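Below you will find the structure I want to go over with you.
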Amino acid sequence: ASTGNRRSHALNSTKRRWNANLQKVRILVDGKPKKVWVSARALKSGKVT
Amino acid sequence: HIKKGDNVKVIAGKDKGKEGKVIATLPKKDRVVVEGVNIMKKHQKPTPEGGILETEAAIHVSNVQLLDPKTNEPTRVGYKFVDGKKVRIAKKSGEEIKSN
RNA sequence: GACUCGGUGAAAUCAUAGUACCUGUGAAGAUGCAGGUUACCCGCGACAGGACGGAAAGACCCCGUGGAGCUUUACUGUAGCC
RNA sequence: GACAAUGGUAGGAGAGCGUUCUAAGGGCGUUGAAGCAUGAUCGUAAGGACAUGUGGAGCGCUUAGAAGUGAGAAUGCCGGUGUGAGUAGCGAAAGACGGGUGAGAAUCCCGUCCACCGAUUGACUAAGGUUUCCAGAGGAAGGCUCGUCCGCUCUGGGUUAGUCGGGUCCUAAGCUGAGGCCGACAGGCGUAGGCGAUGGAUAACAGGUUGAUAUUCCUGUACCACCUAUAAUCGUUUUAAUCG
RNA sequence: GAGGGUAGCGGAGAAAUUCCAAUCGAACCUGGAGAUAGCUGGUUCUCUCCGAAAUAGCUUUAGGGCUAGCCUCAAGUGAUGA
RNA sequence: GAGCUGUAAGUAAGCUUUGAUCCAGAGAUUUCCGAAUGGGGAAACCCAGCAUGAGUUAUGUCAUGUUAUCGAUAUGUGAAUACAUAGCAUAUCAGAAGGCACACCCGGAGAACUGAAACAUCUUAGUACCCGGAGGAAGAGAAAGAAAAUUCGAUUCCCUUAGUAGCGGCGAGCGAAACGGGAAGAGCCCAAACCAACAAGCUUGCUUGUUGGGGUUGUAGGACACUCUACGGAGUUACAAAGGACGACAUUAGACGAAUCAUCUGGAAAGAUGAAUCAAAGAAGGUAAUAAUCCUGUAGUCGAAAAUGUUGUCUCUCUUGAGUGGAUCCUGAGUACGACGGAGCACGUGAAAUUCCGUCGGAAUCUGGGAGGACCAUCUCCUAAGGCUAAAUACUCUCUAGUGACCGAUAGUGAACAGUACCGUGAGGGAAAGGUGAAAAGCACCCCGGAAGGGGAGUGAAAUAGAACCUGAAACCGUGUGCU
Ligand SMILES: [Mg+2]
């Protein structure tokens, strides 16, 4: 969740953040399944519920 | 370099030419005391009633020179290893008798 | 309390001072300049007209492309909310 | 040599004086260097000598080089010393006299008389301070005067608990908090549980005694916990007395 | 009375711009930091030669700045000066 | 190798040639607090459990061990729930935690005053401050590169290119790179195809798993096909890793080390005068004034029981290497790219190529894919989506040896004697203060005085050098007088 600028039409600048699309799903962690926060992109990509 | 019992000669100061012998050393300030040399007069209070007292004060060690045991002249001093042990030489003669 | 005597003993201030008045003159209201008029040298107790008396780089007024607080249908944004 | 020129603020140009250090050369100094003090000396100026006194170990001159290189002003900074001036003040109030001690007494000690407070200027306990407490010695500074005195200086001493107030007991507000929840990092919150009196629980009183401690020391008479012996009551240890 | 809580882009206020360590239209301390100051004050030895200006024009400019005018130093040309 | 019991002077009592004090190496001891860790707490204190042990008729007391939380490794046990699991318990290990010069380095987050003669894009500036992680350096690094010659051949740093090209309310300002010249120089390991085993399903075919081998690239390499070949090389700084021997240097204490006398002045000579000497030594500091020859030293030469640090030679430990076929198989996927919103690149989204982050979409497979500043075609160069890597470079709280046309007590560190007096609830702020003499020889004794002070006497070259002690200016305060 890095930072950056919000820009107006006159190009004034203000600090701002981009957050990740975190979702609370139940994934298999070593042994017992647990319920954690995972982004939607990582879910689409490399982990099974 | 002179020991505690030697017979030396004064080469500088008021008493230049006198012989005396060493009686104290004081190595940290390198000042020896020679009998009959550099006499002072103190005012001592009653501790018996005191008065003016005369003793010798210490003289700087580089104002004093040893005497050549043979020819009887002032000389510097070297060292030599005999029996794996260090002795003193007169820079004009041989060994220098310094026992006491 | 003040005043006189014994003890102890500060402060703001201060260019150097042997530091009069009148009518003028002058940065236009003079102890220090001009022309006169008064006045032997040195203290103590009192009074408050002047020294534009002391104290505080005027708070009024104006100026600086100097600050700050407040307002809004000044300009530009933005926390939030839909 | 003739002729001419020479007032000056912002400001331009030129030529110099002096200070500290370096290089090379050449010098001076315990028969007295630098510094300081005085003089009636020299140069157009900044400035340079000489003589005498003080001082007691370093210092000029020539040519060149390099700079923390020159002060009278900034309500400049630091130190010292004046003026105002023997002036203002000496912080609520009742003292007098006799005796003593001392180099020295209105001011210290003792006595008598007088006066002031008395729902308090009296007597206890807390906070807070931290040796100011006691004895002997002292009088430079402190004490708004004085001082032989002192909360000041020197030397040596003084605080005693099963029961008094805290801990080995309890909890309030609050603060922390294993796991836990949240958060760019740092970190924020919170469950069980802890900590935390200003409240609840809880066994000792009278007299004697020191220069300085006392419900603590001493005498007398008590009470409260815990441990071991001496024992009636104790009777499967369900039960029974017991404990829980 | 004792023990505690709220902290400056904030707290608390029976409301006065009131209080938050003798300070409050935004506490105190250290740092950016020698902030910036077209404003005021100050800026230390000597002699010699020359010697102004207080005016145009533009300027968010008017007690500021820029070019020209007037001063000085050096070189050059040669009647162009009065 | 003869004195010694800190600065630190005294007295006392002692130690030491049977070697003390002192210097270097290695050991032993090392209270309490503090991350502080048995529990608590207002640091430097209070209160405990368990196991041994001393003591007591027995309690009370004492001594020694052990007892934090997360983590790792075993074992046992196990809830709602039948198997299970979350948990729970026990035992071994000692992995983390805190600090700094945290200066330099790498990341996360990130101002304002200021400049533009106001100010908002821009600038100050990715600067200050804050947070995290480390090292003696860190970072970068082995071409999906730079270019356009006849090319070069990892990275970093210095000089130039150049205040150029460019960016920019095209304002204020910001500002490269390639070529060329140098310092230094170094390259490697995986994933995959494939092969050999082992194991579970399975039906023994396949799938999957584990180990090992192989194998690593562009004018394409490797698998496979085939043909020629063996222990010399390599190594602990990457490229795999441990440990022995014998050496050699360098540190960490030290030793030897040449050569001068006399007179004058003086308190004292190193000065002056005269006559000598050494020099691989005429650096420097002391000594009663200014010393190559008086002392400590200097040039030169020698030296280690012990512990470290380097560095050699053996040992040791590992290991075959070529060629042709070239397109049969393998060659890094939610990746590369794209759209939207941002940031970093000298570059303000623009002709913006090139490089990152958030949200959504989302390829190809050698007749492949990427770059050469929108885009297309042809040419040229390269082969992304895995990892490691010395040297040249930056810094100084320190240690060792030195240097200065650097200061000389209002200077130089705030501090020559201190982060102390003191100030503040606290964070914090923060001073002033050097010099007797060569040597204490630091004034015996007499007089006035309660003392303090003083006058003599004495010490000393000097006491108007007497501790408020080198020199001793000015302001300021007095006493006596020549003229008024
Ligand atoms: Mg006077």
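Throughout, a chain's letter reflects where its sequence line sits, starting with A, and its residues are numbered from 1.
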(request) Evaluate the stacking of F:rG187 against F:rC188, requiring that the six-membered ring centres lie under 5.5 Å apart and that the ring planes differ by under 30 degrees. (result)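 Yes: the six-membered rings of F:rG187 and F:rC188 sit under 5.5 Å apart with planes under 30°.
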(request) May I ask you to say whether D:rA232 and D:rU233 are base-stacked, judged by six-membered ring centres under 5.5 Å apart and ring planes under 30 degrees? (result)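 Base stacking for D:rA232 and D:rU233: not present.
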(message) Both atom distances under 3.5 Å, Watson-Crick or G-U wobble: I'd like the secondary structure of RNA chain E as a dot-bracket string, with | for pairs made across strands.
(response) .......(.((.......))...)....................||||||....(.(((....))).)..............
(message) Please name the nucleotide paired to F:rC206 by Watson-Crick or G-U wobble geometry with both distances under 3.5 Å, or report none.
(response)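 F:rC206 is paired with F:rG201.
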(message) Heavy atoms only, 4.0 Å cut-off, all strands: where does A:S13 land among base, sugar-phosphate and nothing?
(response)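 The residue A:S13 makes no contact with any strand.
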(message) If we define stacking as six-membered ring centres under 5.5 angstrom apart and planes under 30 degrees, are the neighbouring bases C:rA46 and C:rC47 stacked?
(response)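 Yes, stacked.
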(message) Within this structure, what is the CZ-OG distance for the pair A:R17 and A:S2, rounded to the nearest 0.5 Å?
(response)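 Output value for this atom pair is 8.5 Å.
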(request) Please tell me which of the listed nucleotides, F:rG3, F:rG342, F:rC445, lies nearest to the side chain of B:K4? (result)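 The closest nucleotide is F:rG3.
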I'd like a list of close polar pairs between nucleotides 267-272 of chain F and the protein, N/O only, cut-off under 3.5 Å.
| unit_1 | atom_1 | unit_2 | atom_2 | d |
| --- | --- | --- | --- | --- |
| F:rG267 | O2' | B:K14 | NZ | 2.4 |
| F:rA269 | OP1 | B:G13 | N | 3.2 |

(request) Determine, using purine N1 to pyrimidine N3 plus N6-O4 or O6-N4 for Watson-Crick, or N1-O2 and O6-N3 for G-U wobble, whether F:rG350 and F:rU73 pair with both distances under 3.5 Å. (result)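 Between F:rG350 and F:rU73, no qualifying pair exists.
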(request) Just read off the sign of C1'-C2'-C3'-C4' for F:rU367 and name the pucker, north if positive, south if negative. (result)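 South, since the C1'-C2'-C3'-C4' torsion of F:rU367 has a negative sign.
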(message) Is it the case that the side chain of A:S8 and the backbone of A:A10 share a donor-acceptor pair, with hydrogens and angles ignored and the cut-off at 3.5 Å?
(response)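 At least one qualifying donor-acceptor pair exists.
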(request) Examine D:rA137 and D:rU153 and say if both key distances are under 3.5 Å for a Watson-Crick or a G-U wobble pair. (result)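 Indeed, D:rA137 forms a Watson-Crick or wobble pair with D:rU153, both distances being under 3.5 Å.
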(message) In this structure, are F:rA142 and F:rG141 stacked, using the six-membered base rings with centres under 5.5 Å and planes under 30°?
(response)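 Judged by ring centres under 5.5 Å and planes under 30°, these neighbouring bases do not count as stacked.
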(message) Applying the 3.5 Å rule to both hydrogen-bond distances, is there a Watson-Crick or wobble pair between C:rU73 and C:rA34?
(response)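 Verdict: no pairing.
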(message) Using a 3.5 Å limit on both distances, is D:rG199 in a Watson-Crick or G-U wobble pair with D:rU213?
(response)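 Pair flag for D:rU213 and D:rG199 is false.
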(message) Please give the distance between the P atoms of D:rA106 and D:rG99 as a whole number of Å.
(response)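 Between the two P atoms, the distance is 15 Å.
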(request) Find the partner of F:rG212: check Watson-Crick (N1-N3 plus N6-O4 or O6-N4) and G-U wobble (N1-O2, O6-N3) distances, both under 3.5 Å, and reply none if neither fits. (result)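 In the structure as shown, F:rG212 has F:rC195 as its Watson-Crick or wobble partner.
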(message) Quick check against the 3.5 Å criterion: does B:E54 have a side-chain atom that pairs as donor or acceptor with the backbone of B:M40?
(response)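 No; zero donor-acceptor contacts below 3.5 Å.
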(message) Would you measure the distance from the P atom in D:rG187 across to the matching atom in F:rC130 and give it in whole Å?
(response)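 The same atom, P, in both gives a distance of 15 Å.
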(message) Within this structure, what is the CZ-NZ distance for the pair A:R26 and A:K24, rounded to the nearest 0.5 Å?
(response)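 These two atoms lie 11.5 Å from each other.
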(message) Using a heavy-atom cut-off of 4.0 Å across all strands, would you classify B:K9 as base, sugar-phosphate, or nothing?
(response)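 The residue B:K9 makes no contact with any strand.
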(message) Using the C1' atom as the point on both nucleotides, what is the distance between D:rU198 and D:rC154, in whole Å?
(response)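 Comparing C1' positions in D:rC154 and D:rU198 gives a spacing of 47 Å.
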(request) Just name whichever nucleotide pairs with F:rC239, Watson-Crick or G-U, keeping both distances under 3.5 Å, else none. (result)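 Pairing partner, where one exists within any strand: none, as none qualifies.
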(request) Any strand is fair game: report the nucleotide pairing with D:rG174 by Watson-Crick or G-U wobble, both distances under 3.5 Å, or none. (result)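 Across any shown strand, D:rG174 pairs with D:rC195.
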(request) Take atom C1' in F:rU150 and the same atom in F:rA394, then report the distance between them in whole Å. (result)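 One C1' to the other, the span is 42 Å.
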(request) Specify the residues of residues 74-87 of chain B, ordered by number, for which at least one heavy atom lies under 4.0 angstrom from an atom of RNA chain C. (result)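 The answer is none.
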(message) I want to verify the glycosidic state of D:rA71; is it syn or anti under the 90° rule?
(response)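 Syn for D:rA71; the angle stays within 90° of 0.
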(request) Would you confirm whether F:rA291 and C:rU16 are paired, taking Watson-Crick (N1-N3 with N6-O4 or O6-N4) or G-U wobble (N1-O2 and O6-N3) geometry and requiring each distance to be under 3.5 angstrom? (result)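 No.
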(message) Tell me if F:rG212 is syn or anti. Syn = glycosidic torsion within 90° of 0, anti otherwise.
(response)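 Anti, since the glycosidic angle lies more than 90° from 0.
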(request) Tell me the partner of D:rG128, counting only Watson-Crick (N1-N3 plus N6-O4 or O6-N4) or G-U wobble (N1-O2 and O6-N3) with both under 3.5 Å; none if nothing fits. (result)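 The answer is none; no pair meets the criterion.
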(message) If a pair means Watson-Crick or G-U wobble with both distances below 3.5 Å, are F:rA230 and F:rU359 one?
(response)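 F:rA230 and F:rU359 do not meet the Watson-Crick or G-U wobble geometry.
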(request) Identify the nucleotide, in any strand shown, that forms a Watson-Crick or G-U wobble pair with F:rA245, with both distances under 3.5 Å; if there is none, say none. (result)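 Partner of F:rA245: F:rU313.
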(request) Test salt bridge (charged side-chain N to carboxylate O under 4.0 Å, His left out) on B:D6 and B:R88 and set out the steps. (result) CA-CA 12 Å; B:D6 314 280; B:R88 280 195 310 182; 3.1 Å; yes
(request) Would you give a per-nucleotide map of nucleotides 75-82 of chain C, 5' to 3', where B means the base has a protein non-hydrogen atom under 4.0 Å away, S means only the sugar-phosphate does, and - means neither? (result) -SSS----
(message) Taking B:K70's backbone N and O only, do any of them form a donor-acceptor pair with B:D68's side chain (distance below 3.5 Å, no angle check)?
(response)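 Side chain of B:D68 to backbone of B:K70, a donor-acceptor pair under 3.5 Å: yes, one is there.
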(request) Could you tell me which nucleotide pairs with D:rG32 by Watson-Crick or G-U wobble geometry, both distances under 3.5 Å, or answer none if nothing does? (result)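 The base-pairing partner of D:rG32, which may sit in any strand shown, does not exist here.
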(message) Going only by the six-membered rings, do C:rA20 and C:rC21 fall inside 5.5 Å on centre distance and below 30 degrees on plane angle?
(response)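 Stacking holds for this pair.
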(message) Suppose you measure atom P in F:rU236 against the same atom in F:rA242; what distance do you get, rounded to whole Å?
(response)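 About 13 Å, rounded to a whole number of Å.
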(request) For F:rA292 versus F:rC470, give the span between their P atoms, rounded off to a whole number of Å. (result)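 Here F:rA292 and F:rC470 have their P atoms 34 Å from each other.
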(request) State the sugar conformation of F:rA307 as north or south, using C1'-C2'-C3'-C4' as the deciding torsion. (result)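 F:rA307 falls in the north pucker range.
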(message) Pairing defined as Watson-Crick or G-U wobble with both contacts under 3.5 Å. Yes or no for D:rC205 and D:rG220?
(response)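 Yes.
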(request) Mind telling me if F:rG282 is syn or anti? Syn here is a glycosidic angle within 90° of 0. (result)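 Syn conformation for F:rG282.
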(request) Please indicate whether D:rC36 is base-paired to D:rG53 in either the Watson-Crick or the G-U wobble sense, using a 3.5 Å limit on both distances. (result)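 Pair flag for D:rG53 and D:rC36 is true.
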(message) Taking only the P atom of each, what is the distance from F:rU436 to F:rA405 in whole angstrom?
(response)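 Straight-line distance between the two P atoms is 33 Å.
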(message) Assigning hydrophobic clusters by single linkage (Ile, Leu, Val, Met, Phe, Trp, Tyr; side-chain heavy-atom cutoff under 4.5 Å), is B:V77 placed with B:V34?
(response)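 Shared cluster, yes.
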(message) Tell me the interatomic distance from B:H60, atom NE2, to F:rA439, atom P, rounded to whole angstroms.
(response)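 After rounding, the reported distance stands at 11 Å.
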Tell me which donor-acceptor pairs under 3.5 Å the side chains of residues 58-67 of chain B have, and how far apart each pair is, sequence neighbours excluded?
| unit_1 | atom_1 | unit_2 | atom_2 | d |
| --- | --- | --- | --- | --- |
| B:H60 | ND1 | B:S62 | N | 3.2 |
| B:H60 | ND1 | B:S62 | OG | 2.9 |
| B:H60 | NE2 | B:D30 | OD2 | 2.9 |

(message) Could you check F:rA134 for me: syn (within 90° of 0) or anti?
(response)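 The base of F:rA134 is oriented anti (glycosidic angle more than 90° from 0).
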(request) Give a yes or no on whether D:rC144 and D:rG158 pair, Watson-Crick or G-U wobble, both distances under 3.5 Å. (result)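 Given the Watson-Crick and G-U criteria, D:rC144 is not paired with D:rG158.
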(message) Quick one, F:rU378 with F:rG215, are they a Watson-Crick or G-U pair at under 3.5 Å for both distances?
(response)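 No.
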(request) Ignoring the backbone of A:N5, work out which of F:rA343, D:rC182, F:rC443 is nearest its side chain. (result)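 Selected nucleotide (nearest to the side chain): F:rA343.
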Protein-nucleotides 359-364 of chain F N/O pairs closer than 3.5 Å?
| unit_1 | atom_1 | unit_2 | atom_2 | d |
| --- | --- | --- | --- | --- |
| F:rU359 | OP1 | A:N21 | N | 3.2 |
| F:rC360 | OP1 | A:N21 | ND2 | 2.7 |
| F:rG361 | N7 | A:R41 | NH1 | 3.3 |
| F:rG361 | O6 | A:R41 | NH2 | 3.4 |
| F:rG362 | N7 | A:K44 | NZ | 3.3 |
| F:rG362 | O6 | A:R41 | NH2 | 3.2 |

(message) Work out how far the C1' atom of F:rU155 is from that of F:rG145, and round it to whole angstrom.
(response)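 About 13 Å, rounded to a whole number of Å.
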(message) Can you see if the side chain of B:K42 gets near the phosphate of F:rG458 - specifically, an N or O under 4.0 Å from OP1 or OP2?
(response)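 No, no such contact exists.
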(message) To the closest 0.5 Å, what do you measure between CD (A:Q23) and CZ (A:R41)?
(response)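 Separation between the atoms: 14.5 Å.
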(request) Could you please name the partner base of F:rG126, counting Watson-Crick and G-U wobble pairs only when both distances are under 3.5 Å? (result)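 F:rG126 is unpaired by these criteria.
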(message) With syn defined as a glycosidic angle within 90° of 0 and anti as the rest, where does D:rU125 land?
(response)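 Syn, since the glycosidic angle lies within 90° of 0.
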